Every structure is written in structure tokens, then in C-alpha cells.
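Following: one structure in C-alpha cells, then a few remarks.
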Amino acid sequence: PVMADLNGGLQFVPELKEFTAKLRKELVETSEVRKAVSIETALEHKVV
Amino acid sequence: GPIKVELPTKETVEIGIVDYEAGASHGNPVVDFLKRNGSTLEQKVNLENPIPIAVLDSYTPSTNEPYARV
């Protein structure tokens with residue numbers, strides 16, 4: 001039997017799940033903050 | 001005006017200020033923001049139903065000179 005590792009070194013990233021959940025939050029948080037801050041800056045400009 | 005945080009005892013203490021200053025404008029963006037995002041604290045609280053107290057007759061005087069004088 002042949003065992004081929006086609007895993008791109010992924011196994012050497014410790015605590016992978018937490019690492020992927022952190023990258024996801026850092027991205028979703030940045031998305032949702034930018035959405036909210038841009039919507040409020042538009043509404044402020046609209047009012048003034 | 002002051003920005004206040006609610007403490008665990010429900011006392012409020014000052015942690016900063018609102019400080020907005022604009023020239024020519026069509027509106028106050030501070031209050032527009034706080035209306036949309038915050039809730040209004042109303043000191044007045046309506047009863048379930050108004051309680052009639054009285055329907056009272058009174059008269060205005062024949063002359064306004066006494067009130068004018070005092």
C-alpha cells in the first residue's frame with residue numbers, strides 16, 4: 001500500500017481549527033465594522 | 001454634554017463628553033445617530049389608564065384690573 005501525503009504542510013500548523021476560526025473572525029469583523037462605519041459616515045454626511 | 005457609564009449599582013458616572021461643532025448644516029448628526037442606535041430615556045411614564053380627578057367650573061373676573069395690579 002502507498003500512502004501519499006498531498007497535504008501541503010498543513011499538518012505542521014498547530015491548533016489548526018482555532019487558527020482558521022481566528023482568520024475567519026479577523027475577516028468577518030473587518031467586513032462588518034467597515035460596513036457599519038461606512039453606512040453611519042454616509043448617514044452623518046446626509047444629515048449635515 | 002457628558003457621556004456616562006452605568007455602574008453595577010445602576011449609578012451613572014462621567015467617562016467622556018459629546019463635543020460636536022459644525023458651521024453650515026441641515027441637521028445635528030449626533031442626535032440623529034443617538035436616535036437611530038440608542039433608546040430615548042423618558043422620565044415620564046404613563047399609567048395603564050388615566051384616572052379622572054375632577055371636572056371643575058371656574059369664572060374669569062368681570063375686570064382685569066385687579067390681576068393687572070398684583
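Here, A, B, ... name the chains of the C-alpha cells in the order displayed, residue numbers run from 1 inside each chain, and ligands are numbered from 1 in the same displayed order.
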
Quick one: contact table of chain B to chain A, 12 Å max, nearest atom pair and distance in Å to one decimal per residue, counting only C-alpha atoms, chain and number order, as CSV?
```
residue,atom,partner,partner_atom,distance
B:20,CA,A:48,CA,11.8
B:21,CA,A:48,CA,11.4
B:22,CA,A:48,CA,8.6
B:23,CA,A:48,CA,9.5
B:24,CA,A:48,CA,8.0
B:25,CA,A:48,CA,4.7
B:26,CA,A:48,CA,5.1
B:27,CA,A:47,CA,5.3
B:28,CA,A:48,CA,6.8
B:29,CA,A:44,CA,5.2
B:30,CA,A:44,CA,8.2
B:31,CA,A:44,CA,10.2
B:32,CA,A:47,CA,7.7
B:33,CA,A:44,CA,7.6
B:34,CA,A:40,CA,11.2
B:36,CA,A:40,CA,10.1
B:37,CA,A:40,CA,10.1
```

- What are the DSSP helix (DSSP H, G or I) residues of chain A, as number ranges by chain? A: 10-12, 16-47

May I have the residues from that selection written out with N, CA, C and O atoms, as a tab-separated table (two decimals), in the first residue's frame?
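Once written, part-v3.tsv looks like this:
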```
chain	number	residue	atom	x	y	z
A	10	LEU	N	0.14	21.25	5.84
A	10	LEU	CA	-0.95	21.78	6.70
A	10	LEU	C	-0.81	21.20	8.10
A	10	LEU	O	-1.25	21.88	9.05
A	11	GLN	N	-0.24	20.01	8.23
A	11	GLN	CA	-0.21	19.22	9.50
A	11	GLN	C	0.71	19.91	10.52
A	11	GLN	O	0.42	19.83	11.71
A	12	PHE	N	1.72	20.65	10.05
A	12	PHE	CA	2.70	21.42	10.86
A	12	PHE	C	2.10	22.71	11.44
A	12	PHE	O	2.79	23.31	12.30
A	16	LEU	N	-5.07	23.98	14.40
A	16	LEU	CA	-5.47	24.45	13.06
A	16	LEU	C	-6.87	25.05	13.13
A	16	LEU	O	-7.11	26.12	12.53
A	17	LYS	N	-7.79	24.33	13.76
A	17	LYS	CA	-9.18	24.79	13.85
A	17	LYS	C	-9.23	26.21	14.44
A	17	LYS	O	-9.90	27.08	13.84
A	18	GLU	N	-8.62	26.43	15.60
A	18	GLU	CA	-8.58	27.75	16.26
A	18	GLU	C	-7.92	28.76	15.32
A	18	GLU	O	-8.41	29.89	15.26
A	19	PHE	N	-6.86	28.36	14.63
A	19	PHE	CA	-6.13	29.24	13.68
A	19	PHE	C	-7.09	29.68	12.57
A	19	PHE	O	-7.07	30.88	12.23
A	20	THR	N	-7.93	28.77	12.06
A	20	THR	CA	-8.86	29.06	10.94
A	20	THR	C	-10.02	29.91	11.46
A	20	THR	O	-10.40	30.84	10.73
A	21	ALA	N	-10.55	29.62	12.66
A	21	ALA	CA	-11.63	30.42	13.30
A	21	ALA	C	-11.14	31.86	13.59
A	21	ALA	O	-11.94	32.78	13.43
A	22	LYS	N	-9.88	32.05	13.97
A	22	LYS	CA	-9.29	33.39	14.21
A	22	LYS	C	-9.19	34.14	12.87
A	22	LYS	O	-9.58	35.33	12.86
A	23	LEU	N	-8.69	33.52	11.80
A	23	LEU	CA	-8.55	34.17	10.46
A	23	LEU	C	-9.93	34.59	9.95
A	23	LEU	O	-10.01	35.66	9.27
A	24	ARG	N	-10.95	33.77	10.23
A	24	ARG	CA	-12.35	34.00	9.80
A	24	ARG	C	-12.91	35.23	10.52
A	24	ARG	O	-13.52	36.07	9.83
A	25	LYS	N	-12.74	35.31	11.85
A	25	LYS	CA	-13.25	36.41	12.70
A	25	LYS	C	-12.54	37.70	12.28
A	25	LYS	O	-13.23	38.64	11.88
A	26	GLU	N	-11.20	37.72	12.28
A	26	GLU	CA	-10.39	38.87	11.81
A	26	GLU	C	-10.91	39.40	10.47
A	26	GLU	O	-10.75	40.61	10.23
A	27	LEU	N	-11.52	38.56	9.63
A	27	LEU	CA	-12.01	38.94	8.27
A	27	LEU	C	-13.46	39.41	8.35
A	27	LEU	O	-13.75	40.49	7.79
A	28	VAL	N	-14.35	38.62	8.97
A	28	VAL	CA	-15.80	38.93	9.14
A	28	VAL	C	-15.95	40.20	9.99
A	28	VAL	O	-16.80	41.04	9.63
A	29	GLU	N	-15.19	40.33	11.08
A	29	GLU	CA	-15.20	41.52	11.97
A	29	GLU	C	-14.82	42.76	11.15
A	29	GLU	O	-15.53	43.77	11.27
A	30	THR	N	-13.75	42.68	10.35
A	30	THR	CA	-13.25	43.80	9.49
A	30	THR	C	-14.30	44.18	8.45
A	30	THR	O	-14.46	45.39	8.20
A	31	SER	N	-14.98	43.20	7.87
A	31	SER	CA	-16.09	43.36	6.89
A	31	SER	C	-17.27	44.10	7.53
A	31	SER	O	-17.70	45.12	6.97
A	32	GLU	N	-17.78	43.58	8.65
A	32	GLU	CA	-18.98	44.09	9.36
A	32	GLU	C	-18.72	45.48	9.96
A	32	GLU	O	-19.64	46.31	9.93
A	33	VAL	N	-17.51	45.72	10.48
A	33	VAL	CA	-17.11	47.05	11.03
A	33	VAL	C	-17.09	48.06	9.88
A	33	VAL	O	-17.71	49.12	10.04
A	34	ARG	N	-16.40	47.75	8.78
A	34	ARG	CA	-16.30	48.65	7.60
A	34	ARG	C	-17.69	48.95	7.03
A	34	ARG	O	-17.89	50.09	6.61
A	35	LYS	N	-18.59	47.97	7.02
A	35	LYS	CA	-19.98	48.13	6.52
A	35	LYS	C	-20.71	49.17	7.39
A	35	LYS	O	-21.24	50.15	6.83
A	36	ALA	N	-20.70	48.93	8.71
A	36	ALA	CA	-21.36	49.75	9.75
A	36	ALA	C	-20.78	51.17	9.77
A	36	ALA	O	-21.59	52.12	9.75
A	37	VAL	N	-19.46	51.32	9.80
A	37	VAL	CA	-18.76	52.65	9.84
A	37	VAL	C	-19.01	53.42	8.55
A	37	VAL	O	-19.09	54.66	8.63
A	38	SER	N	-19.12	52.76	7.40
A	38	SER	CA	-19.34	53.44	6.10
A	38	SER	C	-20.82	53.86	6.01
A	38	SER	O	-21.08	54.95	5.47
A	39	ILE	N	-21.74	53.02	6.49
A	39	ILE	CA	-23.20	53.33	6.50
A	39	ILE	C	-23.46	54.56	7.39
A	39	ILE	O	-24.24	55.43	6.96
A	40	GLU	N	-22.81	54.64	8.55
A	40	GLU	CA	-23.01	55.73	9.54
A	40	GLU	C	-22.36	57.02	9.03
A	40	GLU	O	-22.97	58.08	9.25
A	41	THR	N	-21.19	56.93	8.40
A	41	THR	CA	-20.48	58.09	7.81
A	41	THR	C	-21.32	58.68	6.66
A	41	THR	O	-21.35	59.91	6.54
A	42	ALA	N	-22.03	57.84	5.90
A	42	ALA	CA	-22.94	58.27	4.81
A	42	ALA	C	-24.16	58.97	5.41
A	42	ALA	O	-24.57	60.00	4.84
A	43	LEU	N	-24.74	58.41	6.48
A	43	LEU	CA	-25.94	58.97	7.16
A	43	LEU	C	-25.57	60.31	7.83
A	43	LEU	O	-26.38	61.25	7.72
A	44	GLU	N	-24.40	60.41	8.46
A	44	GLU	CA	-23.91	61.68	9.06
A	44	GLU	C	-23.80	62.73	7.94
A	44	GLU	O	-24.42	63.79	8.10
A	45	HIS	N	-23.11	62.42	6.85
A	45	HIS	CA	-22.93	63.33	5.68
A	45	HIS	C	-24.31	63.77	5.14
A	45	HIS	O	-24.48	64.96	4.85
A	46	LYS	N	-25.24	62.84	5.01
A	46	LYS	CA	-26.64	63.06	4.56
A	46	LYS	C	-27.31	64.11	5.48
A	46	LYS	O	-27.93	65.05	4.95
A	47	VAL	N	-27.16	63.98	6.80
A	47	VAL	CA	-27.82	64.85	7.82
A	47	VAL	C	-27.21	66.26	7.75
A	47	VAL	O	-27.99	67.23	7.74
```

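Picture a line from atom CA of residue B:57 to atom CA of residue B:69; it runs 24.8 Å.
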